[PDB]
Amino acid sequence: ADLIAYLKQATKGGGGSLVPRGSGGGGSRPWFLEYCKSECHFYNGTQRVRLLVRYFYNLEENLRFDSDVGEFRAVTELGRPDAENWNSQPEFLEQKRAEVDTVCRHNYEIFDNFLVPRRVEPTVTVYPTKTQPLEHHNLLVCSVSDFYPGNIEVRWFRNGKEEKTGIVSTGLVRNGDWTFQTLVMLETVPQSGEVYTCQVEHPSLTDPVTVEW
């Protein structure tokens, strides 16, 4: 088990006070949130890497650090003080700029061992689902569930003819537990002379999963 690094949080300095900027409340319970996201953007593994730190106060993002810039940039006036306070600290800037390596790249290397390579195969099953009066558009449902990563193509073929219209989907759906699912339905009126096929392609598979109806 190799240690995962992280970005050390910097201290803000009191002093100034900005004219009552963004208002809000209207009765709602007054809350105060300090929130920060440090994002490691891998455009192709550690080959291309961009670190993006974003500070938020309540509902507004106010301060930012795009590694491509090398300095903190205020997004709203609320965060300028910090921009000025930290950018004038030549020491700090170096520490941050280097985190793209000592943290982003550092961690990715680790993560490339079990996360990047992770693969869970989908489960495909087609089926109709509506009352039988057929006073709608007999929705042919193609369920591709329990798969990872998200990347996936779910195509419908009516008599070898790819249905490029009438396809109602939920889109990709995140389960929160490192697994996805999706529903690509097809509006049509079934006929024992037509064969609708649901093709499914995805990194875990080796050969497009074909299901018929």
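Note that residue numbering begins at 1 and tracks the sequence as displayed.
When the C-alpha B-factors of 121 to 129 and 105 to 113 are averaged, 121 to 129 comes out higher.
Relative to its counterpart among 70 to 78 and 90 to 98, 90 to 98 has the higher mean temperature factor, C-alpha atoms as listed in the PDB entry. When the C-alpha B factors of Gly45, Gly176, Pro149, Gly160 are read from the deposited coordinates, the top value falls at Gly160. Annotation for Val168: C-alpha temperature factor in the middle third relative to the rest of the modelled chain, per the entry. The PDB entry assigns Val49 a C-alpha temperature factor belonging to the middle third of its chain's modelled residues. Among all modelled residues in its chain, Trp156 ranks in the highest third by Cα B-factor. Per-chain ranking of the deposited C-alpha B factor places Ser28 in the highest third. Remark: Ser145 belongs to the middle third of its chain, ranked by C-alpha B-factor as recorded.
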